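Counting starts at 1 for both ligands and their atoms, following the listed order. Just so you know, these numbers use all the heavy atoms, side chains as well, and skip hydrogens, waters and symmetry mates. Residues take their numbers from the sequence shown, with the count starting at 1.
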Amino acid sequence: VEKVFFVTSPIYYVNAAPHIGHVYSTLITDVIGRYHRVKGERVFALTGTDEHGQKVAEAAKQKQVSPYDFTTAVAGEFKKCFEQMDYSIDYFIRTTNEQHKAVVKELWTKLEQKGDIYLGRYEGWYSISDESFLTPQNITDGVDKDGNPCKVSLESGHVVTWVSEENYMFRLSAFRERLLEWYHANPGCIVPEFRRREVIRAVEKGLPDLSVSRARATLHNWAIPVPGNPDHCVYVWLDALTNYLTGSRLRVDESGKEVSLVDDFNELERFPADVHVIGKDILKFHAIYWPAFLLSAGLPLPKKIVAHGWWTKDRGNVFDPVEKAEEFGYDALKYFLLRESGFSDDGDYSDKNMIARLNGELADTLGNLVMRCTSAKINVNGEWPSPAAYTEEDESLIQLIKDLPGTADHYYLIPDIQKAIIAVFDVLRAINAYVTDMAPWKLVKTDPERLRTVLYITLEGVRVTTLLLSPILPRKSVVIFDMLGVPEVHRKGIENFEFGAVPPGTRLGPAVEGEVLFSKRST
Ligand code: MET
C-alpha cells in the first residue's frame with residue numbers, strides 16, 4: 001500500500017515558552033521525515049501546540065492576560081523556535097484552529113453514535129499539570145509551591161487534586177481485549193520493546209472507563225463544547241489526540257497555511273500515522289486511549305508509536321537549544337542529541353561531552369576524511385578517478401559500504417536513530433583506517449595508479465555515508481556533496497544507495513582559501 005508516509009510529534013502545551021524537550025521530540029519527527037524523503041517517498045510531517053485546557057488557561061490567568069492572547073503569543077514562540085531550528089515540517093497545527101474543532105466534534109459524535117459514551121461521574125484524583133486521571137496507587141505525599149503538605153503524582157511529582165464531577169464517560173473498559181489482540185498481532189507497534197511490555201502489563205490488569213468531558217466552569221470555559229451539551233467541555237486529551245486526524249485531513253498551501261479540510265482522510269492518503277513520536281511521559285494516551293477511540297469510531301490504528309527517553313514537558317540549571325546551536329552549530333547539536341541518547345533519560349549532556357563528540361566524530365572522523373579525499377595535495381586532478389583493480393583489503397571496505405544502506409535503513413525504520421548513526425560512523429572509522437593504511441599522500445609520488453583506486457573507494461565511502469547522514473546533518477551533507485561535486489540527482493533516492501552511482505570523471509567543487517566543515521573547540 002503506497003500512501004503518504006505520515007509522521008508526527010506530540011502537540012505541546014503552551015503554558016510556557018519552548019525549551020529543549022520540545023525541540024528534541026520534534027527533531028526526531030523531522031529526522032524520520034527527512035529519511036523517508038531521501039528514499040524518495042511522499043512525506044507529511046506534523047507538529048504543533050495543544051492550546052485548550054485548565055493547565056493552559058490557568059497559566060494565562062497567572063500572567064494576567066486572556067487565553068486567546070496568551071496562546072497566540074506562546075504559539076508564535078514555538079513557531080519562531082522551530083523555524084530557527086531549521087526543521088522540514090510540513091505543517092504546524094494549533095488546537096484552537098476552527099477546522100480542528102470541527103474534527104473533534106465529528107469524532108465525538110461518531111463515538112456517541114457507536115454507543116461508547118454515557119453520562120456518569122468521575123470521583124478521583126486528577127493532575128492538572130499532566131491533565132491526567134490517577135488512581136490512588138499512583139499518588140503519594142509531597143509539597144506544593146508553598147511548602148504545605150499535599151498529594152503529588154507518582155508519574156511526575158506534580159500536585160494532584162480530587163475531582164468529583166458528573167462527566168461523559170468513554171467505555172474504555174470494553175476495549176481491553178481488542179487492544180491486547182492489537183499489541184500481540186503487531187509486536188512492532190510500540191517501541192522500544194520494554195515500553196511495549198509496560199503497556200501490555202497495564203492493560204492486562206484491567207481498564208476503567210475514561211472521563212472525556214468536564215464541567216465548563218472547571219476549565220474556565222477554555223475548551224471545545226461537547227456536541228449537544230454546552231454545559232460540558234471535551235477532555236483536553238481527546239481534543240489533543242484528534243490533532244493527528246485533523247492534520248491528516250488538511251490541504252496546506254506552499255506557504256504552510258491550512259486552506260481546506262477534506263471530509264474523508266483517504267482523500268489525502270495520510271491517515272493513520274506511520275509513526276507517532278512521543279515522550280515516555282505520555283505513553284498511556286497514545287498506546288491505550290487513542291487506539292481505543294479509533295476502534296470505537298471505526299478508524300484505522302497507527303503503525304508505530306516510538307517513545308523516547310526524555311519527557312515531552314518538564315522544568316538554576318539551563319540548556320537553551322538556540323544558544324548551544326549558535327555556539328556549537330545547528331547540525332552538530334542535532335547530531336549530538338540524536339547520538340548521545342538512546343531510549344533513556346541518561347546521557348552525558350555536558351559541554352565537555354559535546355566537545356568530545358564534535359572533535360572526535362564530526363571533525364576528526366568525518367571532516368578529516370572529506371578534506372583529505374578532496375585535497376589538492378592528494379586528489380591532484382580534482383576529480384573522481386577511475387579505479388584500477390581491487391585488492392582484498394579494498395573489497396573488504398567496499399563490502400562494508402555496500403551493506404551499510406541496508407543496515408542503516410532497518411535502524412531508521414525501527415526507528416532507532418542512534419543505532420543508525422553508530423552504523424554509519426563504524427563505516428567511516430573503517431574508511432579512515434583504510435586511508436591510514438594506504439597512505440595515499442605517499443602514493444601520489446610512488447604509485448599514481450594505485451592512488452586512483454584508493455581515492456575512488458574513499459570518495460564513494462564518503463558519499464554513501466554522507467547520504468545516510470543527510471537526515472541528521474541536513475546542511476552539512478549539502479556542503480559535503482558540493483565539495484565532492486555530487487550532482488543533485490545523486491543526492492537522494494534508493495538508486496543512489498548503490499556503490500558506484502557517481503561515475504569517474506565527475507569534477508570536485510571549487511575550494512575556499514580557509515574552509516572547515518566542523519572546526520574544533522578548546523578546553
Ligand atoms: C496529543 S499529544 C499532546 C501532548 C501534551 N500537550 C503534552 O505536552 O504532553
Side-chain angles (χ1 to χ4, degrees), residues 6-29 45-60 67 70-71 74-75 77-78 81-82 89 91-97 100-101 103-104 107-108 126-134 153 155-158 170 190 195 210 212 219 222-224 234-249 271-273 275-294 299 301-302 304-315:
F6 183 28
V7 58
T8 71
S9 81
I11 55 167
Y12 313 105
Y13 294 122
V14 291
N15 64 296
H19 55 63
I20 191 67
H22 311 118
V23 166
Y24 183 69
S25 285
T26 300
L27 177 55
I28 290 173
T29 308
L46 183 62
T47 196
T49 49
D50 192 351
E51 298 191 354
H52 297 133
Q54 186 172 3
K55 186 190 175 75
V56 169
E58 282 179 9
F70 185 74
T71 56
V74 177
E77 284 169 35
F78 273 79
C81 184
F82 291 177
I89 303 296
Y91 189 68
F92 190 108
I93 191 165
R94 297 182 58 194
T95 57
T96 49
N97 183 261
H100 174 73
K101 290 183 192 157
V103 174
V104 170
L107 184 65
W108 176 281
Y126 194 69
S127 165
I128 287 170
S129 171
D130 305 318
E131 298 284 16
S132 183
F133 296 103
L134 300 167
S153 159
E155 298 184 339
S156 72
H158 280 293
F170 173 68
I190 293 165
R195 303 204 161 104
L210 176 69
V212 291
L219 281 59
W222 187 245
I224 302 172
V234 177
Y235 181 24
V236 62
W237 267 102
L238 174 49
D239 165 7
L241 293 157
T242 305
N243 96 82
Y244 302 134
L245 178 59
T246 305
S248 84
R249 292 172 52 183
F271 203 83
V275 174
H276 290 303
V277 179
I278 65 176
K280 63 200 201 154
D281 60 323
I282 62 178
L283 188 49
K284 79 182 179 187
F285 307 98
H286 285 84
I288 296 174
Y289 297 163
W290 180 227
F293 298 138
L294 293 170
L299 292 180
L301 303 197
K304 288 182 172 279
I305 298 159
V306 57
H308 57 74
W310 295 36
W311 300 68
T312 296
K313 56 191 182 292
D314 85 316
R315 310 185 303 284

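Taking every heavy atom of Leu241 and a limit of under 4.0 angstrom, the matching atoms of ligand 1 come to 1 (C). Which parts of ligand 1 touch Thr312 is read off a 4.0 Å heavy-atom cut-off, strictly below it: atoms 7 (C), 8 (O), 9 (O). Those atoms of ligand 1 with a heavy atom of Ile282 less than 4.0 angstrom away are 9 (O).
Of the candidates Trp237, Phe285, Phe170, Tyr235, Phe133 forms a ring pair (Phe, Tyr, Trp, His ring centres under 6.0 Å) with just one, namely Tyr235.
At a heavy-atom cutoff of 4.0 Å, ligand 1 is contacted by no atom of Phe285, backbone or side chain. No part of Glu131 comes within 4.0 Å of ligand 1, judged by heavy-atom distances.
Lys55 places a side-chain N or O within donor-acceptor distance of the main-chain N or O of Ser129, the cut-off being under 3.5 Å. Distance alone, capped at 3.5 Å, is enough to place a donor-acceptor pair between the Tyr126 side chain and the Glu131 backbone.
At a 4.0 Å cut-off, at least one heavy atom of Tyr244 sits close enough to ligand 1 to count as contact.
To the nearest 0.5 angstrom, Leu241 atom CG is 6.0 Å from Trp290 atom CH2. With values rounded to the nearest 0.5 angstrom, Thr47 atom OG1 is found 5.5 Å from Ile89 atom CD1.
Comparing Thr49, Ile11, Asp281, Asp50 by heavy-atom distance to atom 4 (C) of ligand 1, the nearest is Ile11.
Using the six-membered ring where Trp is involved, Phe6 and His276 have ring planes that are perpendicular, over 60° apart on the 30 and 60° scheme.
Under a 4.0 Å N-O distance rule, the pair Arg94/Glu51 qualifies as a salt bridge.
Protein heavy atom closest to atom 9 (O) of ligand 1, with residue, atom name and distance, is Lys313 NZ, 3.0 Å. The protein heavy atom nearest to atom 8 (O) of ligand 1 is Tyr13 CD1, 3.2 Å.
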